[PDB]
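**Q** part one of the complex, left exactly where it sits:
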Amino acid sequence: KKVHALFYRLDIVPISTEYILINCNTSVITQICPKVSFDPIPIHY
């Protein structure tokens, strides 16, 4: 299936108009889960 998406220029690197997502060939990108908030709540020790 062909899809479209708006990516910032800092999130892609060239390889013309052909690009790839940045840090694909060095790292394994992991999407931050929706419906789980990452708010910095106060943490006591």
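**A** Perfect, I can see it now. Numbering: from 1, shown residues only, chains lettered A, B, ... in the order given.
**Q** What's opposite residue A:21 in the beta bridge?
**A** residue A:12 (DSSP bridges).
**Q** could you pull out the strands for chain A?
**A** Assigned by DSSP state E, the strands in chain A fall at A:12-14, A:19-21.
**Q** could I get the ones you listed as a markdown table with mean neighbour count and distance to residue A:6?
**A** The C-beta positions use only the backbone N, C-alpha and C, and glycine is treated the same way. Output for these, formatted as a markdown table (neighbours: other CB atoms under 10 Å; distance: least, CB to CB, whole Å):
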| stretch | mean neighbour count | distance to residue A:6 |
| --- | --- | --- |
| strand A:12-14 | 12 | 11 |
| strand A:19-21 | 12 | 13 |
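**Q** now those strands in a markdown table, with distance to residue A:34?
**A** Output for these, formatted as a markdown table (distance: least, CB to CB, whole Å):
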| stretch | distance to residue A:34 |
| --- | --- |
| strand A:12-14 | 22 |
| strand A:19-21 | 19 |
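**Q** Out of the ones you listed, which gets nearest to residue A:28?
**A** strand A:19-21 (11.4 Å; CB to CB).
**Q** got the contact list for that closest one?
**A** Residues from elsewhere that reach strand A:19-21, judged by CB atoms under 8 Å, 6 or more residues apart in numbering: A:7, A:11-13, A:29.
**Q** next one: stretch A:27-42
**A** Contacts of stretch A:27-42 with the rest of the structure, by CB under 8 Å, 6+ apart, involve A:21, A:23.
**Q** and residue A:13, what is it in contact with?
**A** By CB under 8 Å, 6+ apart, the contact list for residue A:13 reads A:19-20, A:22.
**Q** which one of those residues is nearest residue A:44?
**A** residue A:22 (37.1 Å).
**Q** residues near residue A:41, how many?
**A** As a burial measure, residue A:41 scores 6 neighbours (other CB atoms under 10 Å).
**Q** got it, and residue A:23?
**A** Neighbour count for residue A:23, taken as other CB under 10 Å: 11.
**Q** Could you tell me how far the spatially closest residue to it that is not a sequence neighbour is located from residue A:45?
**A** The shortest distance from residue A:23 to any residue other than its chain neighbours is 6.8 Å, reached at residue A:29 (CB to CB, 6 or more residues apart in numbering). Separation of residue A:29 from residue A:45 (CB to CB, to the nearest Å) stands at 32 Å.
**Q** between those two, who's got more neighbours?
**A** Taking neighbours as other CB under 10 Å, residue A:29 and residue A:45 compare with residue A:29 leading, 8 against 2.
**Q** What separation do you get for the more buried one and residue A:11?
**A** Counting by CB to CB, the gap from residue A:29 to residue A:11 is 10 Å.
**Q** go ahead and place chain B:
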Amino acid sequence: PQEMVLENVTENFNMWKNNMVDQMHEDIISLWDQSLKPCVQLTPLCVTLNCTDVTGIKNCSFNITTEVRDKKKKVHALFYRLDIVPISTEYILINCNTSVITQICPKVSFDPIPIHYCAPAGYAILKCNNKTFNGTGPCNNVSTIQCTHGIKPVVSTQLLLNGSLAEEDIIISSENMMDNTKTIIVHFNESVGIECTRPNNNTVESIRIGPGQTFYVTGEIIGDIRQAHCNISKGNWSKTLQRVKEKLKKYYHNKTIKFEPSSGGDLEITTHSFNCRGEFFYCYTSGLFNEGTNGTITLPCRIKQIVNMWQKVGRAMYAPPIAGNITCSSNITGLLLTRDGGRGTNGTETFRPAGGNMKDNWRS
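**A** So, slotting chain B in with the rest:
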């Protein structure tokens, strides 16, 4: 590591019904599984391989899904003939259709460093200091210790390498010598030098197969394709073996004591295997156990990359290659044997080397 001698104490030791071997085995399995979790898995590399002759080495060309997934790249690699099986010139990596190959991680050395075993609170370890102690029965005087000596967890098949020498005399052991399904361990009190080497000038090529996953292959050997050999000295060997023969005369009914090569079986047991710098050697021992002066007993060896030791159904191990040559100097301190049975008469006992059942290597 404290030691204290225990005067007037006799204890019935048992090398065979021990539990530290059954814990050392499982702890080697656990550490080898844990250490190979953040490493590459060569499931994408199970593809058809166009392999031609470069000897026992095949130049194999194949295609892969590169770091950009909708692009395919053709690459080359030198694979040994033992690491591929046919399906012509089309091959696949051995044990793909039964196991999940896992590349051994570079920049994490798998050297067998010495490992002590310290007892927990409320327990203790008794060590038997009697020099002629074969492994079973009473001990003259013992010593309670916290931590054991440095136990190198070596991997071998027929010759125990880099072990602990016997203090004064050769030590022979079995559960029951008249039982033939039970490996006879023999400890040398004198080390025998053994220098071995892979003389091929490999060049390692990195193949990117994913996001941060790299697959290291051999490629473009430079110079002559020489054979890996394993040298032993004919001087010290057969002297130590004559001593072993003399000692095995007494522990049976009087008969001539003499040696035969290994029986049929997996190249994992028919040949003295080990692990030198991550390269897995499989050196034939037919030149050692077949019947006297100074010289060399140079043994042919076969290098295997995809190896599955401590056989786990569904797992393998691709040992990565190394540029340049390597050398393998070690000290034979042991010898594993077995006894042929039957009503063979003639008063000669045929002892063959025996392999497998890895716990024996840590019973020594």
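**Q** In light of the added chain B, please revisit the contacts of stretch A:27-42.
**A** Under the contact criterion CB atoms under 8 Å, 6 or more residues apart in numbering or on different chains, stretch A:27-42 has outside partners A:21, A:23, B:211-212.
**Q** make it 10 Å
**A** For stretch A:27-42, contacts defined as CB atoms under 10 Å, 6 or more residues apart in numbering or on different chains pick out A:21-23, B:210-213.
**Q** Just the buried residues out of the residues you listed, in ChimeraX syntax.
**A** Listed next is the ChimeraX selection for buried residues among these, using 16 or more other CB atoms under 10 Å in any protein chain shown:
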select /A:22 /B:210,213
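**Q** Could you work out the most separated pair of the contacts of stretch A:27-42?
**A** A:22 and B:213 (18.0 Å).
**Q** dump the residue contacts of residue A:5.
**A** Per CB under 10 Å, 6+ apart, neighbours of residue A:5: none.
**Q** Now do the helices in chain A.
**A** Counting by DSSP state H, one finds no helices in chain A.
**Q** Name the nearest residue to residue A:11, ignoring sequence neighbours.
**A** Nearest non-adjacent residue to residue A:11, counting by CB to CB, 6 or more residues apart in numbering or on different chains: residue A:22, 5.6 Å away.
**Q** who are the neighbours in contact with the one you found?
**A** Residues counted as contacts of residue A:22 (CB under 10 Å, 6+ apart) are A:7-13, A:29.
**Q** Between those residues, which sits nearest chain B?
**A** Of all the contacts of residue A:22, chain B sits closest to residue A:29, with 7.5 Å by CB to the nearest CB.
**Q** which non-adjacent residue is nearest residue A:24?
**A** That would be residue B:211: by CB to CB, 6+ apart, it lies 5.6 Å from residue A:24.
**Q** Extend the structure above with chain C:
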Amino acid sequence: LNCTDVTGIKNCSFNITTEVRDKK
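**A** Chain C now in position relative to the chains above:
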């Protein structure tokens, strides 16, 4: 899945990536 009648059972034919990955 190309499924036809064999009832509540369907004979379904389909293709897969076998043990050799570049063969279907």
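**Q** mind redoing the contacts of residue A:13 now chain C's in there?
**A** Shown in contact with residue A:13 (CB under 10 Å, 6+ apart): A:19-25.
**Q** Nearest to chain C: which residue in chain A?
**A** residue A:1 (18.5 Å).
**Q** Tell me which residues touch residue A:7, please.
**A** Residue A:7 sits next to A:19, A:21-22 when contact means CB under 10 Å, 6+ apart.
**Q** can you give me phi and psi for it?
**A** Backbone torsions for residue A:7, taken as degrees, to the nearest 10, come to phi -110, psi 140.
**Q** starting at the chain centroid, how far to stretch A:10-30?
**A** Distance of stretch A:10-30 from its chain centroid, counting by CA atoms, centre = their mean, to the nearest Å, is 10 Å.
**Q** ends of it, how far apart?
**A** The first and final residues of stretch A:10-30 sit 17 Å from each other (CA to CA, to the nearest Å).
**Q** ditto for stretch A:32-45
**A** 26 Å.
**Q** again with stretch A:12-27
**A** Across stretch A:12-27, the terminal residues are separated by 14 Å (CA to CA).
**Q** now do stretch A:14-28
**A** End-to-end span of stretch A:14-28 (CA to CA): 18 Å.
**Q** cool, and stretch A:29-40?
**A** With CA to CA applied, stretch A:29-40 spans 22 Å between its terminal residues.
**Q** likewise stretch A:27-35?
**A** 25 Å.
**Q** Centre of the chain to that stretch, how far?
**A** From the chain centre to the centre of stretch A:27-35 is a distance of 7 Å (CA atoms, centre = their mean).
**Q** Please apply the same query to stretch A:5-21.
**A** 12 Å.
**Q** do the same with stretch A:25-39
**A** Between the centre of stretch A:25-39 and the centre of its host chain there is 7 Å, according to CA atoms, centre = their mean.
**Q** again, but for stretch A:30-45
**A** For stretch A:30-45, the distance to the chain centre is 17 Å (CA atoms, centre = their mean).
**Q** quick one on the thing from earlier: contacts with chain C among the contacts of residue A:13, please.
**A** By CB under 10 Å from any CB of the partner chain, no member of the contacts of residue A:13 lies near chain C.
**Q** which residue lies farthest from the center of chain A?
**A** residue A:45 (32.0 Å; CA atoms, centre = their mean).
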